[PDB]
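S.K.: Before I ask anything, here is the structure I am working with.
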2 protein chains.
Amino acid sequence: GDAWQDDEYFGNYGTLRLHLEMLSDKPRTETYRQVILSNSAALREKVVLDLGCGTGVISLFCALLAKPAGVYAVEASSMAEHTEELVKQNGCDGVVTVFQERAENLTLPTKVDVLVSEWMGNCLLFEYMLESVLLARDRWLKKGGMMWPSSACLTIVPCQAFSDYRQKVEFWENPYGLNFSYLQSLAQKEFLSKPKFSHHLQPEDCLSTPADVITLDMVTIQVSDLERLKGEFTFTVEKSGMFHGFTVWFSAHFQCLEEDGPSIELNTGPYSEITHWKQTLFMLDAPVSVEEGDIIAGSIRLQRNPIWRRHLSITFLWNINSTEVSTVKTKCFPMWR
Amino acid sequence: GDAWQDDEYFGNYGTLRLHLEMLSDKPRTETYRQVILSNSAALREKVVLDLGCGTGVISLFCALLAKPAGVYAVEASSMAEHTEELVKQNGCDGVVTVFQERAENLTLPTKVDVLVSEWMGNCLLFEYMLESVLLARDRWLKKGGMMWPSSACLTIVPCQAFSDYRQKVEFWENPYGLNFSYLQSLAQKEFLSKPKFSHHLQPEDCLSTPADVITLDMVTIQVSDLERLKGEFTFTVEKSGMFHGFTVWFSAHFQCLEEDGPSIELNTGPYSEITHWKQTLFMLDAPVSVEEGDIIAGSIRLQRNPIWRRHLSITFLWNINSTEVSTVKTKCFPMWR
Ligand SMILES: Nc1ncnc2c1ncn2[C@@H]1O[C@H](CSCC[C@H](N)C(=O)O)[C@@H](O)[C@H]1O
Ligand SMILES: Nc1ncnc2c1ncn2[C@@H]1O[C@H](CSCC[C@H](N)C(=O)O)[C@@H](O)[C@H]1O
Ligand SMILES: [Cl-]
Ligand SMILES: [Cl-]
Ligand code: NA
Ligand code: NA
Ligand code: NA
Ligand code: NA
């Protein structure tokens with residue numbers, strides 16, 4: 001409710017702006033289309049729950065690209081009223097049923113064989129729609145049923161971010177020949193203490209090979225596991241450069257309904273086609289130069305905000321060519337836009 | 001106060017984000033630098049009022065690139081506390097005095113010879129800082145004194161906007177093969193009823209030569225003139241194309257202090273270097289095809305909001321190859337972000 005900021009959250013999803021962004025994201029939307037196509041024969045006579053269907057696009061993929069026994073399209077925002085009309089104008093109202101309900105207070109006619117949802121936020125967990133997905137899974141997913149995505153993982157890499165640091169911090173040293181360096185302290189707090197959403201990381205700015213640090217198993221994960229997620233990492237710097245911070249993204253995996261089948265992946269990283277999530281940048285307070293062979297090791301922690309339940313803080317701990325504790329640095333980034 | 005949303009307006013100018021945007025705007029900031037340089041000798045022993053000085057950059061241009069008798073740097077936001085320190089760290093605290101005051105409640109030691117300000121908003125008038133500038137002019141500018149800018153004008157052109165109309169309106173006809181055309185009515189209201197700030201108009205999308213429609217004389221204009229500004233226009237379409245709407249920008253002119261001197265111009269239009277204002281796009285409800293020789297004539301009206309005094313509505317009236325009144329179309333755009 002108020003702790004979930006549901007008025008603002010679902011109010012935003014009642015306008016076309018966010019849905020235009022999702023549907024204009026071709027890698028994202030086509031991935032879900034490909035999952036339905038790759039599993040078309042296996043979906044026949046299955047009951048599908050599309051949790052948070054928005055405009056209903058995923059439900060329409062299920063009803064038009066396969067032959068399920070039924071599709072339950074669930075959407076809590078005011079968009080559901082239009083989704084019902086869209087389903088009917090695409091000739092699917094006999095298979096797709098629209099429920100204008102929250103997953104938490106959901107009443108469905110039957111349990112389901114497949115629960116498909118697009119719940120991933122920035123750095124995977126932001127806004128914690130995953131909680132709603134897990135609650136609907138526990139109540140409505142039949143034993144042996146399929147979660148789509150079936151697993152997800154958080155991936156990070158040490159990176160260079162020259163343009164960001166120069167434009168936001170070093171800029172103040174001599175703009176037009178004026179000494180504005182007195183503002184650099186304020187610039188570090190205002191521009192570097194928060195994550196930068198919609199960062200486009202270039203491959204040449206990666207200082208090492210990216211590593212998966214946290215992996216979520218969508219069948220076994222529980223709501224209580226989401227309060228604090230942690231992963232260790234150790235990076236060998238592969239090219240000499242400037243360590244400005246960490247870039248974070250995620251992947252989502254869609255297991256085939258049949259063991260012998262194709263598994264489909266949605267990757268939001270720098271080596272894949274850009275998505276509306278792009279990547280997320282976490283700047284250090286001060287950059288440090290590094291050379292090939294340097295070891296950057298530590299951990300990342302995603303700590304859910306105890307009061308504002310759609311928010312979290314991301315804490316990096318890292319050490320460069322060292323194991324001691326007096327050398328360890330840490331920075332905590334509140335995840336707010 | 002509340003009708004001026006001063007808490008939010010001056011709160012925004014208390015952070016570095018907006019000042020970084022202004023100072024990173026090289027055409028904007030260098031223009032004011034060039035005005036000071038071009039008038040350096042004429043500014044000697046003059047008293048200068050920098051109204052809304054922000055970080056104090058314009059005041060520092062005056063004290064460092066000329067020899068004025070004194071510079072009054074006035075800033076109502078919390079940035080003024082830092083501006084005072086910036087002035088001192090640039091060795092100008094003997095010439096520049098910082099006043100953390102609103103122009104409306106301003107108490108200066110003397111009247112001034114020059115009133116310089118960067119007050120222009122989107123479509124020139126947005127947020128109506130010009131009102132504050134005119135009130136300070138009436139009280140503090142000596143007779144014969146100089147306003148900088150000394151004049152400004154609003155410029156518009158009929159234009160093509162294919163990408164905007166396709167991405168926001170036509171997109172819904174067949175996304176991924178689905179018929180979402182039922183959403184086009186909602187898309188027209190959500191995406192086309194409001195102005196699009198930060199539009200980058202390309203030269204090849206101009207359907208005619210741009211025309212100045214409203215011109216403001218900064219010495220003679222009065223606050224009461226700002227309630228309703230109107231200008232007529234008539235465009236001969238120079239290339240066959242698609243009439244998607246109107247693009248609007250402005251120019252500001254800086255008269256030399258001496259008659260025989262260079263006059264300097266800041267232009268935010270498509271034939272000039274891009275500024276942080278870019279241009280502003282006003283989309284029609286439905287595009288119309290036009291051919292070379294077609295006449296698009298009508299008027300534009302900037303009507304100040306009577307309640308929310310930093311806002312306005314922009315009303316276009318236009319007619320294509322016609323003089324009658326039953327053929328006239330009109331669209332009113334509320335100026336909100
Ligand atoms: N607890 C909940 N119950 C029902 N719907 C929810 C929900 N939490 C989020 N949603 C909805 O899930 C949607 C997430 S965005 C994805 C929309 C659509 N499935 C697509 O892929 O294009 C939003 O419309 C949001 O309103
Ligand atoms: N009525 C008023 N009194 C004092 N300052 C005002 C004002 N209205 C606007 N301002 C200030 O004027 C500034 C406008 S932006 C320009 C800042 C600076 N002169 C530069 O060119 O970089 C803001 O800092 C704003 O706070
Ligand atoms: Cl300078
Ligand atoms: Cl399809
Ligand atoms: Na409904
Ligand atoms: Na991976
Ligand atoms: Na002060
Ligand atoms: Na002009």
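For the structure tokens, the naming scheme is as follows: chains receive sequential letters (A, B, ...) according to their order of presentation, residues are indexed from 1 within each chain, and ligands are indexed from 1 in presentation order.
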Please identify all protein, DNA and RNA residues within 10 Å of ligand 4, counting only C-alpha atoms and all ligand atoms, and report them as a PDB file with N, CA and C atoms, in the first residue's frame.
M.R.:
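Printed below is part-v2.pdb as written:
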ATOM      1  N   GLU A  30      10.523  -9.340 -28.192  1.00  0.00           N
ATOM      2  CA  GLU A  30      10.733 -10.463 -29.098  1.00  0.00           C
ATOM      3  C   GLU A  30      11.224 -11.698 -28.354  1.00  0.00           C
ATOM      4  N   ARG A  33       8.244 -13.347 -27.198  1.00  0.00           N
ATOM      5  CA  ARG A  33       7.635 -13.935 -28.388  1.00  0.00           C
ATOM      6  C   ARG A  33       8.349 -15.222 -28.791  1.00  0.00           C
ATOM      7  N   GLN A  34       9.684 -15.229 -28.738  1.00  0.00           N
ATOM      8  CA  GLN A  34      10.432 -16.421 -29.132  1.00  0.00           C
ATOM      9  C   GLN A  34      10.220 -17.563 -28.147  1.00  0.00           C
ATOM     10  N   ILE A  36       7.482 -18.225 -26.549  1.00  0.00           N
ATOM     11  CA  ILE A  36       6.198 -18.825 -26.894  1.00  0.00           C
ATOM     12  C   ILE A  36       6.329 -19.665 -28.158  1.00  0.00           C
ATOM     13  N   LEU A  37       7.049 -19.151 -29.159  1.00  0.00           N
ATOM     14  CA  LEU A  37       7.222 -19.887 -30.409  1.00  0.00           C
ATOM     15  C   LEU A  37       8.000 -21.181 -30.189  1.00  0.00           C
ATOM     16  N   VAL A  57       0.255  -8.186 -24.131  1.00  0.00           N
ATOM     17  CA  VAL A  57       1.014  -8.642 -25.294  1.00  0.00           C
ATOM     18  C   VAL A  57       1.462 -10.093 -25.123  1.00  0.00           C
ATOM     19  N   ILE A  58       1.975 -10.444 -23.939  1.00  0.00           N
ATOM     20  CA  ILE A  58       2.446 -11.812 -23.719  1.00  0.00           C
ATOM     21  C   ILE A  58       1.282 -12.796 -23.784  1.00  0.00           C
ATOM     22  N   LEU A  60      -1.389 -12.383 -25.579  1.00  0.00           N
ATOM     23  CA  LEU A  60      -1.728 -12.488 -26.993  1.00  0.00           C
ATOM     24  C   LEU A  60      -0.728 -13.352 -27.749  1.00  0.00           C
ATOM     25  N   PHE A  61       0.552 -13.305 -27.373  1.00  0.00           N
ATOM     26  CA  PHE A  61       1.507 -14.252 -27.938  1.00  0.00           C
ATOM     27  C   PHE A  61       1.095 -15.691 -27.634  1.00  0.00           C
ATOM     28  N   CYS A  62       0.645 -15.955 -26.404  1.00  0.00           N
ATOM     29  CA  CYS A  62       0.264 -17.316 -26.027  1.00  0.00           C
ATOM     30  C   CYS A  62      -0.963 -17.792 -26.795  1.00  0.00           C
ATOM     31  N   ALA A  63      -1.972 -16.933 -26.938  1.00  0.00           N
ATOM     32  CA  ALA A  63      -3.217 -17.352 -27.570  1.00  0.00           C
ATOM     33  C   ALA A  63      -3.106 -17.411 -29.088  1.00  0.00           C
ATOM     34  N   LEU A  64      -2.223 -16.609 -29.681  1.00  0.00           N
ATOM     35  CA  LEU A  64      -2.102 -16.536 -31.131  1.00  0.00           C
ATOM     36  C   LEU A  64      -0.989 -17.405 -31.696  1.00  0.00           C
ATOM     37  N   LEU A  65       0.078 -17.645 -30.938  1.00  0.00           N
ATOM     38  CA  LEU A  65       1.197 -18.445 -31.413  1.00  0.00           C
ATOM     39  C   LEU A  65       1.193 -19.860 -30.851  1.00  0.00           C
TER      40      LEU A  65
ATOM     41  N   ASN B 174       0.221  -1.955 -35.560  1.00  0.00           N
ATOM     42  CA  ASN B 174       0.591  -3.360 -35.721  1.00  0.00           C
ATOM     43  C   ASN B 174       1.886  -3.751 -35.005  1.00  0.00           C
ATOM     44  N   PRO B 175       2.024  -3.487 -33.704  1.00  0.00           N
ATOM     45  CA  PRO B 175       3.243  -3.906 -32.990  1.00  0.00           C
ATOM     46  C   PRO B 175       3.317  -5.426 -32.908  1.00  0.00           C
ATOM     47  N   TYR B 176       4.383  -5.998 -33.473  1.00  0.00           N
ATOM     48  CA  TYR B 176       4.603  -7.449 -33.481  1.00  0.00           C
ATOM     49  C   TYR B 176       3.449  -8.201 -34.146  1.00  0.00           C
ATOM     50  N   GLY B 177       2.699  -7.529 -35.017  1.00  0.00           N
ATOM     51  CA  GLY B 177       1.570  -8.141 -35.682  1.00  0.00           C
ATOM     52  C   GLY B 177       0.261  -8.067 -34.932  1.00  0.00           C
ATOM     53  N   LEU B 178       0.246  -7.456 -33.754  1.00  0.00           N
ATOM     54  CA  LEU B 178      -0.970  -7.301 -32.976  1.00  0.00           C
ATOM     55  C   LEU B 178      -1.689  -6.029 -33.396  1.00  0.00           C
ATOM     56  N   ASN B 179      -3.017  -6.071 -33.364  1.00  0.00           N
ATOM     57  CA  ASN B 179      -3.816  -4.883 -33.654  1.00  0.00           C
ATOM     58  C   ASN B 179      -4.073  -4.158 -32.339  1.00  0.00           C
TER      59      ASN B 179
END
S.K.: Show me which bits of chain B are within 8 Å of chain A, counting only C-alpha atoms, as a list in words.
M.R.: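 Close enough to count are residues 15, 16, 20, 23, 60, 82, 85, 86, 89, 90, 168, 175, 178, 179, 180, 182, 183, 186, 187 and 190 of chain B.
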S.K.: I'd like to know which residues of stretch 133-315 of chain B are strand (DSSP E or B) (by DSSP, run on the backbone); could you write them as a short mmCIF file (atom, residue, chain, number, x, y, z; two decimals) with N, CA, C and O atoms, in the first residue's frame?
M.R.:
data_model
loop_
_atom_site.label_atom_id
_atom_site.label_comp_id
_atom_site.auth_asym_id
_atom_site.auth_seq_id
_atom_site.Cartn_x
_atom_site.Cartn_y
_atom_site.Cartn_z
N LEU B 141 17.21 50.09 -12.69
CA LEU B 141 17.95 50.47 -13.89
C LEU B 141 17.85 51.97 -14.10
O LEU B 141 16.75 52.53 -14.16
N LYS B 142 19.00 52.63 -14.20
CA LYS B 142 19.02 54.07 -14.46
C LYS B 142 18.45 54.36 -15.84
O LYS B 142 18.54 53.54 -16.76
N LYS B 143 17.86 55.55 -15.98
CA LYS B 143 17.40 56.00 -17.29
C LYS B 143 18.56 55.99 -18.27
O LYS B 143 19.68 56.40 -17.94
N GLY B 144 18.30 55.51 -19.49
CA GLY B 144 19.36 55.30 -20.45
C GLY B 144 20.18 54.05 -20.24
O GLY B 144 21.03 53.74 -21.08
N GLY B 145 19.94 53.32 -19.15
CA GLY B 145 20.68 52.10 -18.89
C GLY B 145 20.39 51.01 -19.91
O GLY B 145 19.46 51.10 -20.72
N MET B 146 21.20 49.96 -19.86
CA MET B 146 21.17 48.89 -20.84
C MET B 146 20.57 47.63 -20.23
O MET B 146 20.94 47.24 -19.11
N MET B 147 19.65 47.01 -20.95
CA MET B 147 19.16 45.67 -20.64
C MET B 147 19.92 44.67 -21.51
O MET B 147 20.06 44.88 -22.72
N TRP B 148 20.41 43.60 -20.89
CA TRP B 148 21.06 42.50 -21.60
C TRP B 148 20.40 41.17 -21.21
O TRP B 148 20.51 40.76 -20.06
N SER B 151 16.79 42.69 -26.56
CA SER B 151 15.56 42.29 -27.23
C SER B 151 15.59 40.78 -27.41
O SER B 151 16.65 40.16 -27.40
N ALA B 152 14.40 40.20 -27.56
CA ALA B 152 14.28 38.77 -27.81
C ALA B 152 13.11 38.55 -28.76
O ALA B 152 12.20 39.37 -28.85
N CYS B 153 13.14 37.42 -29.46
CA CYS B 153 12.04 37.13 -30.36
C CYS B 153 11.75 35.64 -30.39
O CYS B 153 12.64 34.81 -30.19
N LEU B 154 10.49 35.32 -30.64
CA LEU B 154 10.02 33.95 -30.77
C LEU B 154 9.91 33.61 -32.24
O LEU B 154 9.33 34.37 -33.02
N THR B 155 10.47 32.46 -32.63
CA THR B 155 10.53 32.03 -34.02
C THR B 155 9.90 30.65 -34.15
O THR B 155 10.13 29.77 -33.31
N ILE B 156 9.09 30.47 -35.20
CA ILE B 156 8.41 29.21 -35.44
C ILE B 156 8.55 28.83 -36.91
O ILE B 156 8.86 29.67 -37.77
N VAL B 157 8.31 27.56 -37.20
CA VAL B 157 8.33 27.05 -38.58
C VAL B 157 7.40 25.84 -38.68
O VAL B 157 7.33 25.03 -37.74
N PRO B 158 6.64 25.69 -39.76
CA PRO B 158 5.94 24.42 -39.99
C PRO B 158 6.96 23.34 -40.30
O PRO B 158 7.96 23.59 -40.98
N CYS B 159 6.73 22.13 -39.79
CA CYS B 159 7.78 21.12 -39.84
C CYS B 159 7.23 19.72 -40.03
O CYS B 159 6.04 19.45 -39.81
N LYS B 196 6.44 19.00 -26.77
CA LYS B 196 7.60 18.15 -26.57
C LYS B 196 8.82 19.05 -26.40
O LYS B 196 9.31 19.65 -27.37
N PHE B 197 9.31 19.16 -25.16
CA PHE B 197 10.55 19.87 -24.92
C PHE B 197 11.73 19.06 -25.45
O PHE B 197 11.63 17.85 -25.69
N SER B 198 12.85 19.74 -25.66
CA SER B 198 14.10 19.09 -26.07
C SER B 198 13.94 18.36 -27.40
O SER B 198 14.46 17.27 -27.60
N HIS B 199 13.20 18.97 -28.32
CA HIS B 199 13.10 18.46 -29.68
C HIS B 199 14.27 18.99 -30.49
O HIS B 199 14.59 20.18 -30.42
N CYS B 206 12.30 21.26 -42.03
CA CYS B 206 11.60 22.53 -42.16
C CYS B 206 10.83 22.57 -43.48
O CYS B 206 11.39 22.27 -44.54
N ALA B 211 10.06 32.04 -39.37
CA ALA B 211 9.70 33.45 -39.25
C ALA B 211 9.63 33.85 -37.78
O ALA B 211 9.19 33.07 -36.94
N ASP B 212 10.07 35.07 -37.49
CA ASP B 212 9.89 35.64 -36.17
C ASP B 212 8.44 36.10 -36.04
O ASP B 212 7.93 36.82 -36.90
N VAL B 213 7.77 35.67 -34.98
CA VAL B 213 6.35 35.95 -34.81
C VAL B 213 6.08 36.92 -33.67
O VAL B 213 5.09 37.67 -33.73
N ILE B 214 6.91 36.94 -32.63
CA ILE B 214 6.77 37.83 -31.49
C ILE B 214 8.14 38.41 -31.18
O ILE B 214 9.13 37.68 -31.18
N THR B 215 8.20 39.72 -30.94
CA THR B 215 9.45 40.39 -30.61
C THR B 215 9.24 41.22 -29.35
O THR B 215 8.25 41.97 -29.25
N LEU B 216 10.15 41.09 -28.40
CA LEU B 216 10.07 41.78 -27.11
C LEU B 216 11.18 42.82 -27.03
O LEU B 216 12.36 42.48 -27.23
N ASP B 217 10.80 44.06 -26.76
CA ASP B 217 11.74 45.16 -26.55
C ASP B 217 11.95 45.30 -25.05
O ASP B 217 11.05 45.75 -24.33
N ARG B 228 -0.73 38.16 -22.32
CA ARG B 228 -1.16 37.62 -23.60
C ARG B 228 -0.26 38.18 -24.69
O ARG B 228 -0.28 39.39 -24.95
N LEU B 229 0.55 37.32 -25.29
CA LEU B 229 1.41 37.70 -26.40
C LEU B 229 0.92 37.00 -27.66
O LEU B 229 0.61 35.81 -27.63
N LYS B 230 0.83 37.75 -28.75
CA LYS B 230 0.27 37.21 -29.99
C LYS B 230 1.11 37.65 -31.18
O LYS B 230 1.63 38.76 -31.22
N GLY B 231 1.24 36.75 -32.15
CA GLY B 231 1.88 37.07 -33.41
C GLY B 231 1.24 36.37 -34.58
O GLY B 231 0.82 35.22 -34.48
N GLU B 232 1.14 37.07 -35.71
CA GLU B 232 0.63 36.49 -36.94
C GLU B 232 1.76 35.87 -37.74
O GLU B 232 2.94 36.23 -37.60
N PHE B 233 1.40 34.93 -38.61
CA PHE B 233 2.37 34.31 -39.50
C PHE B 233 1.68 33.89 -40.78
O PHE B 233 0.47 33.65 -40.81
N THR B 234 2.48 33.79 -41.84
CA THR B 234 2.04 33.17 -43.09
C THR B 234 3.26 32.51 -43.73
O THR B 234 4.28 33.17 -43.96
N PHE B 235 3.15 31.22 -44.00
CA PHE B 235 4.25 30.44 -44.54
C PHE B 235 3.90 29.94 -45.93
O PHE B 235 2.82 29.38 -46.14
N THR B 236 4.81 30.15 -46.87
CA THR B 236 4.74 29.48 -48.16
C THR B 236 5.59 28.22 -48.08
O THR B 236 6.81 28.30 -47.88
N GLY B 241 5.88 17.87 -48.62
CA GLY B 241 6.16 17.02 -47.48
C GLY B 241 4.94 16.85 -46.60
O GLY B 241 3.81 17.03 -47.04
N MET B 242 5.20 16.50 -45.34
CA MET B 242 4.15 16.19 -44.38
C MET B 242 4.15 17.25 -43.27
O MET B 242 5.17 17.46 -42.61
N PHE B 243 3.00 17.89 -43.08
CA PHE B 243 2.82 18.93 -42.07
C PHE B 243 2.41 18.25 -40.77
O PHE B 243 1.23 17.97 -40.53
N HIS B 244 3.39 17.96 -39.92
CA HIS B 244 3.13 17.33 -38.63
C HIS B 244 2.85 18.32 -37.51
O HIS B 244 2.19 17.96 -36.52
N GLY B 245 3.35 19.55 -37.62
CA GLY B 245 3.14 20.52 -36.57
C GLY B 245 4.07 21.71 -36.72
O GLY B 245 4.59 21.97 -37.81
N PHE B 246 4.28 22.41 -35.60
CA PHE B 246 5.15 23.58 -35.54
C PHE B 246 6.29 23.34 -34.56
O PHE B 246 6.08 22.76 -33.49
N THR B 247 7.48 23.80 -34.92
CA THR B 247 8.62 23.84 -34.02
C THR B 247 8.90 25.28 -33.64
O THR B 247 8.85 26.18 -34.49
N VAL B 248 9.18 25.52 -32.36
CA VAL B 248 9.33 26.86 -31.81
C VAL B 248 10.69 26.97 -31.13
O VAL B 248 11.14 26.02 -30.47
N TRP B 249 11.34 28.11 -31.29
CA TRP B 249 12.55 28.44 -30.55
C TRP B 249 12.60 29.95 -30.38
O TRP B 249 11.63 30.66 -30.69
N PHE B 250 13.71 30.47 -29.87
CA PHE B 250 13.84 31.90 -29.63
C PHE B 250 15.26 32.35 -29.93
O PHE B 250 16.19 31.55 -30.04
N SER B 251 15.41 33.67 -30.05
CA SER B 251 16.69 34.35 -30.15
C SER B 251 16.75 35.46 -29.12
O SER B 251 15.72 36.03 -28.74
N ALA B 252 17.96 35.78 -28.66
CA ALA B 252 18.18 36.89 -27.76
C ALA B 252 19.29 37.77 -28.32
O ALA B 252 20.31 37.26 -28.81
N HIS B 253 19.11 39.08 -28.25
CA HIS B 253 20.03 40.03 -28.85
C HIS B 253 20.61 40.94 -27.78
O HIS B 253 19.91 41.34 -26.84
N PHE B 254 21.90 41.27 -27.93
CA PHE B 254 22.65 42.04 -26.94
C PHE B 254 23.26 43.26 -27.64
O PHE B 254 24.31 43.16 -28.28
N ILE B 264 25.55 41.29 -30.49
CA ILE B 264 25.77 39.86 -30.31
C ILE B 264 24.42 39.16 -30.14
O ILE B 264 23.52 39.70 -29.49
N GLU B 265 24.29 37.98 -30.74
CA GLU B 265 23.03 37.24 -30.78
C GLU B 265 23.21 35.83 -30.24
O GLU B 265 24.22 35.16 -30.53
N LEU B 266 22.24 35.37 -29.47
CA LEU B 266 22.13 33.98 -29.05
C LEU B 266 20.91 33.38 -29.74
O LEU B 266 19.79 33.81 -29.49
N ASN B 267 21.15 32.39 -30.59
CA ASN B 267 20.10 31.76 -31.39
C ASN B 267 19.98 30.30 -30.98
O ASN B 267 20.98 29.57 -30.96
N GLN B 279 14.96 22.77 -29.34
CA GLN B 279 13.75 23.41 -29.83
C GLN B 279 12.54 22.73 -29.20
O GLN B 279 12.67 21.68 -28.56
N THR B 280 11.37 23.32 -29.39
CA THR B 280 10.13 22.80 -28.82
C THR B 280 9.16 22.45 -29.93
O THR B 280 8.92 23.27 -30.83
N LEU B 281 8.58 21.25 -29.87
CA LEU B 281 7.74 20.71 -30.93
C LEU B 281 6.28 20.68 -30.49
O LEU B 281 5.97 20.23 -29.38
N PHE B 282 5.40 21.14 -31.37
CA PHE B 282 3.96 21.17 -31.14
C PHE B 282 3.30 20.36 -32.26
O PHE B 282 3.24 20.81 -33.40
N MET B 283 2.83 19.16 -31.92
CA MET B 283 2.27 18.25 -32.92
C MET B 283 0.80 18.53 -33.16
O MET B 283 0.03 18.78 -32.22
N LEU B 284 0.40 18.48 -34.43
CA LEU B 284 -1.00 18.48 -34.80
C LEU B 284 -1.66 17.16 -34.37
O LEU B 284 -0.98 16.16 -34.15
N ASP B 285 -2.99 17.18 -34.27
CA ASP B 285 -3.71 15.94 -34.01
C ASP B 285 -3.50 14.94 -35.14
O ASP B 285 -3.25 13.76 -34.89
N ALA B 286 -3.59 15.40 -36.39
CA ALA B 286 -3.40 14.53 -37.53
C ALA B 286 -2.54 15.26 -38.56
O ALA B 286 -2.80 16.44 -38.86
N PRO B 287 -1.54 14.60 -39.13
CA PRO B 287 -0.71 15.24 -40.15
C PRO B 287 -1.49 15.44 -41.44
O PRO B 287 -2.46 14.74 -41.74
N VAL B 288 -1.04 16.43 -42.22
CA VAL B 288 -1.60 16.70 -43.54
C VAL B 288 -0.45 16.86 -44.53
O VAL B 288 0.56 17.50 -44.22
N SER B 289 -0.60 16.27 -45.70
CA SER B 289 0.40 16.43 -46.75
C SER B 289 0.26 17.80 -47.40
O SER B 289 -0.85 18.30 -47.58
N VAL B 290 1.40 18.41 -47.73
CA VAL B 290 1.42 19.72 -48.36
C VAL B 290 2.41 19.69 -49.52
O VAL B 290 3.36 18.90 -49.54
N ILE B 295 0.08 27.70 -48.75
CA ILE B 295 0.18 28.79 -47.78
C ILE B 295 -0.41 28.32 -46.46
O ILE B 295 -1.58 27.93 -46.39
N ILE B 296 0.40 28.36 -45.41
CA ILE B 296 -0.03 28.06 -44.05
C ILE B 296 0.02 29.37 -43.27
O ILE B 296 1.10 29.89 -42.97
N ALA B 297 -1.15 29.92 -42.96
CA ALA B 297 -1.25 31.23 -42.34
C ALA B 297 -2.14 31.14 -41.11
O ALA B 297 -3.06 30.31 -41.04
N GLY B 298 -1.87 32.00 -40.15
CA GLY B 298 -2.61 31.99 -38.90
C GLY B 298 -1.88 32.81 -37.85
O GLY B 298 -1.23 33.80 -38.16
N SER B 299 -2.00 32.36 -36.60
CA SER B 299 -1.45 33.11 -35.49
C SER B 299 -1.07 32.17 -34.36
O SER B 299 -1.51 31.02 -34.30
N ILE B 300 -0.23 32.68 -33.47
CA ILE B 300 0.18 31.97 -32.26
C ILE B 300 -0.06 32.90 -31.08
O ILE B 300 0.19 34.11 -31.16
N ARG B 301 -0.58 32.35 -29.99
CA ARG B 301 -0.89 33.14 -28.80
C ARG B 301 -0.29 32.48 -27.58
O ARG B 301 -0.52 31.28 -27.34
N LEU B 302 0.47 33.24 -26.81
CA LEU B 302 1.05 32.79 -25.55
C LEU B 302 0.22 33.42 -24.43
O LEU B 302 0.35 34.62 -24.14
N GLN B 303 -0.63 32.62 -23.81
CA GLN B 303 -1.58 33.09 -22.80
C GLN B 303 -1.13 32.61 -21.43
O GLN B 303 -1.16 31.41 -21.14
N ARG B 304 -0.75 33.55 -20.58
CA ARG B 304 -0.26 33.21 -19.26
C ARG B 304 -1.35 32.52 -18.44
O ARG B 304 -2.52 32.87 -18.52
N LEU B 312 1.88 28.67 -18.84
CA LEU B 312 1.11 29.32 -19.89
C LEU B 312 0.54 28.24 -20.80
O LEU B 312 0.86 27.06 -20.67
N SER B 313 -0.32 28.67 -21.71
CA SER B 313 -0.81 27.83 -22.79
C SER B 313 -0.44 28.49 -24.11
O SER B 313 -0.43 29.72 -24.22
N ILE B 314 -0.11 27.67 -25.11
CA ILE B 314 0.23 28.15 -26.43
C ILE B 314 -0.83 27.67 -27.41
O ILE B 314 -1.03 26.45 -27.56
N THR B 315 -1.51 28.61 -28.06
CA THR B 315 -2.59 28.30 -28.98
C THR B 315 -2.16 28.64 -30.40
O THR B 315 -1.80 29.78 -30.69
#
S.K.: Please identify every polymer residue within 6 Å of ligand 7, using only C-alpha atoms and all ligand atoms, and present the set as a CSV table (one decimal) with N, CA and C atoms, in the first residue's frame.
M.R.:
chain,number,residue,atom,x,y,z
B,80,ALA,N,23.3,30.8,-3.6
B,80,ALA,CA,24.0,32.0,-3.3
B,80,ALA,C,25.0,31.9,-2.3
B,81,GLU,N,24.8,31.0,-1.3
B,81,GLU,CA,25.8,30.8,-0.2
B,81,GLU,C,27.1,30.3,-0.8
B,84,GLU,N,28.9,33.1,-3.1
B,84,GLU,CA,29.7,34.1,-2.3
B,84,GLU,C,31.2,33.5,-2.2
B,98,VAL,N,27.4,39.7,-3.5
B,98,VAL,CA,26.3,38.7,-3.6
B,98,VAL,C,25.1,39.0,-2.7
B,99,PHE,N,23.9,39.1,-3.2
B,99,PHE,CA,22.7,39.3,-2.5
B,99,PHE,C,21.8,38.1,-2.6
B,100,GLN,N,21.6,37.4,-1.5
B,100,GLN,CA,20.6,36.2,-1.5
B,100,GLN,C,19.2,36.8,-1.3
S.K.: Could you list the protein, DNA and RNA residues that have any atom within 7 Å of ligand 2, counting only C-alpha atoms and all ligand atoms, and write them as a list in words?
M.R.: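 Residues satisfying the distance criterion: residues 10, 13, 19, 22, 23, 29, 51, 52, 53, 54, 55, 56, 57, 58, 74, 75, 76, 77, 101, 102, 103, 104, 117, 118, 119, 129 and 132 of chain B.
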